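You are given structure tokens for the same protein chain in two forms, set apart as structure 1 and structure 2.
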Structure 1
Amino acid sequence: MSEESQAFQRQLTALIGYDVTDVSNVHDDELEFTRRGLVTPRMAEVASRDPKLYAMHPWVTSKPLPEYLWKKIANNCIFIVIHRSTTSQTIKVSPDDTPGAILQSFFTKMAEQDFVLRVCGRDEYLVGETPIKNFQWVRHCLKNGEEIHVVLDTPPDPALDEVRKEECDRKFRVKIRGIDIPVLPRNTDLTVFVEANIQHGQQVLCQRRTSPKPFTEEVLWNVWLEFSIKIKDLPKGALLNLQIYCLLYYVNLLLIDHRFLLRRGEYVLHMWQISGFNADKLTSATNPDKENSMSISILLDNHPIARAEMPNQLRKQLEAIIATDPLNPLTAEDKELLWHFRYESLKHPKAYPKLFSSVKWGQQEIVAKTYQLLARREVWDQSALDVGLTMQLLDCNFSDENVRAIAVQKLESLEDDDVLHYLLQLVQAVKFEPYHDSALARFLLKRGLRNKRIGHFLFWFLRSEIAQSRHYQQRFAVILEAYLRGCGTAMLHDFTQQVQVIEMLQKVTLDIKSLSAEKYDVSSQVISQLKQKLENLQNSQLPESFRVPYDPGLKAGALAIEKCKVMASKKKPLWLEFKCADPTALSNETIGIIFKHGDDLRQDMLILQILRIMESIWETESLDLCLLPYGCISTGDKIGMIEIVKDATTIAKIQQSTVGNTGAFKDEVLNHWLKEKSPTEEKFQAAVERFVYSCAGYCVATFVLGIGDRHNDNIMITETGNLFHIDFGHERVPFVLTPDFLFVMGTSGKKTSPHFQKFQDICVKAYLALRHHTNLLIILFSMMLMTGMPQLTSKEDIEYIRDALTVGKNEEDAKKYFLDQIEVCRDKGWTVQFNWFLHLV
């Protein structure tokens, strides 16, 4: 291994934020085995991808143009403005024209074909055989009433993407020797025992306990725990879960390894301490902190794997069971039905999750029958892809490799555009895979390496987790490294720039947070030191440019130091502004970015991404709710970026600017603000309309997600009328619809009006459009809770969304339910809003 290659691994380590060659925290070779296992999938995708299309990463969709976007084209014509160093002719185009085609109606229309169309000021290309109406940038421009400005230039050199070459029928038992912790002192000395569980898909096959003993820094049982399950019956993917109760600590050990071998020998496992149900509890990783953590010693001394028509009424029971929601509990009666009627069940793709939860995974013969069942998979294979269904089979309830692979098989058919929609949840779903190398992980690897946009986000989503999750960083690092080894030198250089930038801003963030207290109010002293420090960075270890992490097509240049500052809030986040490093840009507007330290931005990414999913869901229904899921990215431990939405203010600041002593609240302020920021009544009417739509979308989305009761300071609005929520980091009301919002709607004092009627109509339409996707929403909600929050009750917390989506009810009762919800806010008026500030005194 050349000295060059060692320097390279060093490079990857700094981009990843973890050393994948570190062997300090392992008890076997799973991780190394996986690094090697992933080489094949990587080389295969690299060798398979088209260098040209890969370099230009066109962003496209096969989906039809929504009704609400056809509205803006009734002339069957679209205008593209091409530019080239001086003047710019505006070509009239047909929505079906191909980029190379409009290049024919150009060159000849003017009068060598080795040129390509690129969006002005962006690293975005319109290429490939695709109708221009199928390009996302084109649809984004129409939806925003913006013109499509493009520049004619030379295709990027694929050479820049060069990738560096690479080079027994006995019952199961376990001996618990004892436990050891360096320091126990809490308050009162209690007693302690060890609980050993054998689990599969968060289902206990057998449970055993040790006798209680005095809790001292060292407790030695030296006791055999014999389980009812036979060795031969252990399913691959089963975990020996070990727990200490006084519940204090846990740790897991895969009973059958990545080689299909039964675990054997001595183990000293360092455990995880509970913070006083979630994905972290399922991890096969052990606590890396060997100095301050509890450990448990165990011994293993115990390779494997070597007609009749249904009556009308049972079938009805069966179909009823299948119709129930993902969260409906399956009775013992229900499971037996599903299993007995196995072959009938297999004819309904929607039964798959319920059927595989009916499997007795602790019985070799049954599992086998199950694999036999999966053999004739025709009905499933030809079924239309249902993302909600697929994700159900990737959650914590399925530990079987084969069950999860068919889920992954269905994902193979997603277009890149959809992958981007679900990417974050798919990455989080890697936490439910029992092995490091899995079909799900390889699919993400493959898709990321196939498309630059997916690779970029895949990188940040992985790095965010590597940086702040001890439970999963090892697995995610191996995945990221594999990816980094195939993305190409260009991407590598880009990621390097981005990582350098955020690292510098982190330093700065910290140093500046130090030069001030815990809030007040800053301090011209504090702002000046910031500007100096940035001036220092600017010249230079701070790279010429870098891609915006939440908007990779955008290249950020030099900081505009005069415009930077520290925001006035408890935490002291930076308000940074940069110049665009692309001369071809259509404006002088800077790139605003908020850099913040002290908060875990992962919950916000999760919420913002779900918001994006709701928008695409609504698109599948021809609806546009005008949400504004601003860019947000966890870039490392307790740090990240947030997009600064231009021309936007807080609803509270608007209130506050007019008196606002102790937080008095006037109904007409909002309407006045909008009218004053409008240059004309036209623009004002557009603002009001957009407000109605945006208000409706956020009321619905926020109710469903159970995040509806918010303080005014957590909700913003653009000067153009777009309302939107922010800060999703962790009497009552379902959502925020205050009298001022109502005032803009032309209503006041519980009355009606054309815009308000229009609002209720949009809400209801929005609400029921989401109910057609109930299962997708429920499964995303529950995964989000398991992988993104603290230790959430696996029933009651998750059950909220079921109630919220009013599962089980017909359309009439649903509309009713929501309309009453709208009434509650009205009756409550300003109460909850009003309650703030006082709680603090």
Structure 2
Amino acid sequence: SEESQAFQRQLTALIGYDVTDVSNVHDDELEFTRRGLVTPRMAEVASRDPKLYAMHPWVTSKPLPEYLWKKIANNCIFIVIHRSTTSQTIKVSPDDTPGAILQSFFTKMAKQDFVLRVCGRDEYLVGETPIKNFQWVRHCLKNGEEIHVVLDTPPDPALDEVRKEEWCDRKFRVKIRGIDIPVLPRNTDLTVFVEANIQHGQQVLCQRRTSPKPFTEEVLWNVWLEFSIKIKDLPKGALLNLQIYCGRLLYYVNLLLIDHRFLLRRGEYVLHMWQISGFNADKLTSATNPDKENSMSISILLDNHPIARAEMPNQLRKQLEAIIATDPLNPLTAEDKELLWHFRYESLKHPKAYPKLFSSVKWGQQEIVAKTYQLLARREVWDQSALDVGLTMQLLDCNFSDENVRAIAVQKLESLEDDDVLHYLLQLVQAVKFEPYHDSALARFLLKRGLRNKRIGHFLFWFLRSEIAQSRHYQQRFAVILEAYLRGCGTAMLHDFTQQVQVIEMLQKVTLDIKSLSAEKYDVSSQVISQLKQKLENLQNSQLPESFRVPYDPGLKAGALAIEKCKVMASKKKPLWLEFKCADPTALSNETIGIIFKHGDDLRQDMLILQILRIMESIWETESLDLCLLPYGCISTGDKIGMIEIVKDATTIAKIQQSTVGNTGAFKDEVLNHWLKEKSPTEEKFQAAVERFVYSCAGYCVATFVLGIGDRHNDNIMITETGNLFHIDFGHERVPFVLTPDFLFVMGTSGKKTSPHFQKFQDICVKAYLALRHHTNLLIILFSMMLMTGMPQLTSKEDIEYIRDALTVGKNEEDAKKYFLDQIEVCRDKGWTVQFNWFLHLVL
């Protein structure tokens, strides 16, 4: 119909890719996955509660941490309800429901359907949760702030309405006909061959190279390549991995040997390949290069149909248990593998053995695969174990291509509350890049969770859209999933989304136009500032949505530019610092929503780092630590371009240093402390400032050491007026982290002595450090996946191994404590050295 075609034009615009275009396909897996996702979409659409979906309470079952209780010395919580311009203050108990609080207000005012919504924000205190278990309430306690709330009507569930949809035993062999590219690289002519790997879980089941031959624009072989593997032994999800070396890896492509209908892949292929840049998730994709013109191809012919205990000794269990207790980057020896396999049944009793156990399977042998499947049919120990998110992520990584091993991981994710999904969501989305097939249990989990909760849905959208606009390697898969999400999120979220896209479409247009106008020369010129104001005026008239939702903070609705406060910014890239009126008349404050828009950097790395930071704060929350990190908002929108939350009342440490003298890399030990007292109206708030600085300094020193990003120049560390240190700009002699003598002086100490605030700082660092170490396995897997889904060509030992050593694996708590305090001292020894070394470097 002529409306299903319009609705699909809507979808294409939101997605930024056309899921009906079939110019870069060679089978129908993408189409098949669209039909396939209709069922789980519709199952979740129909069973979701209209009321709770529209209002999307943001809630948790975790206990209020000890540090937040201590901010309620009375078992009462002060909440403030509003109308017209009236307001009263109801004393309330933490265990009280929102329901119970209304009837202790309606009675307090009178002796009809209303809900308490947060002032300034699309966010609600509704549902059968104690008010202490709402996230907005926990945020207002953390921040020393009054819980402000209006009284008004539930939003019409009807607005969320969804549009009805109108939906043998021979060896395997491949023929390498030849390769063809129109323009030959650059250097001279070096020789070229084709390497054909049979690959499963990044494990090479078997390998065969063609003969070497001259590297011309056109090279032909006409060779069958016989593999050691039989056809009946190919596991589901095995890739034919075709690669080309000269010298030396220059090109790769992949073909799924078995397809989405379980059929062996037959016949002629001309595959357009990806070029290497100058191990990671890009190397794994079943997508072909869509640039059919510049790119290198390979031609092949497949012509090959179906298919679908007794008790241990003692020191061996010790061996088995030692292997099991060992960390996720510990290489399994052939000895070790056979041990796990032979004693698979005993191994199955330990949910932690699972990664190593399933990575001890010979996936290239059908009878053994089958035994593995019989192993898992009896997974009752697995099904009763508490969710261990780290274990689960290991099974969803690049080392497992079996649908059945991967599905028991997904099954375990099911008991994650929405709160926890939010924390892992970006890496679960990235883990879709390790699925052999487009339709997986992991894709369907994300779809369902997205659809069940607007907050999850929102972020799912932007996280998928981030990959769809930048990764040639996975945009088709991510687009099919995004469409499926969009086809059920509701007409009110589609509207909201459509506006958000329109805004960052316009603003990035402006961002790029301004980069051209002042090249590199560091001055911000008056002429180029003068165009920025013109261009923004223009969009505010007859182009820019009256109001859009802040992608990194979907509660907030931004309204109109404050053109006056906007400015092209003083860096080499030319980011737009932008400020917006809030569109909500009931906002308590009058402050602006600030957003930095910038091209030049890969913001996906920034996203990855920030999200680990959040995870890290949650870990510290499980042990009643609060490190006052400031994991600011940040979303990649396109190629080397995206948005960043502006943090209020913040300045760089560099700036604070350059105000006093503003010199050629000179530095002052005392200026940070003087800046703090200046910004604090009372000595009272100043001690609240030195406090936050001690915690926040400690948070970032630990976090940042663990992730290996601690050696930063001053320009990229900031502080709020009220004491919060935070690192910025993670987009890609030495120091383990930045504890400089100006930081040290705030702590009431000077090069090599002690103080109350520095004793505090040390011991907090130790508490926080060894708290991360309790989740060593989870952090190692996030880091690893981060490196594989987030950066260029990284090392499956070397780069990954950094975090093992940094988390000082396999050490008792006293060695660790020691190691980390030794790092606190390397920073003291060195002082200004590295910081000064940068200005030495700009001439170097």
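Along the sequence of structure 1, residues get numbers from 1 upward. Note that the rigid core is defined as the largest set of C-alphas that superpose within 1.5 Å between two forms.
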**Fill in**
Core-superposed C-alpha displacement of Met784 between structure 1 and structure 2, in angstrom, equals 0.1
**Complete:** Expressed in angstrom, the C-alpha movement of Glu518 between structure 1 and structure 2 on a rigid core superposition is 2.2
**Per-residue C-alpha deviation between structure 1 and structure 2 [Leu190; rigid core superposition; Å]** = 1.0
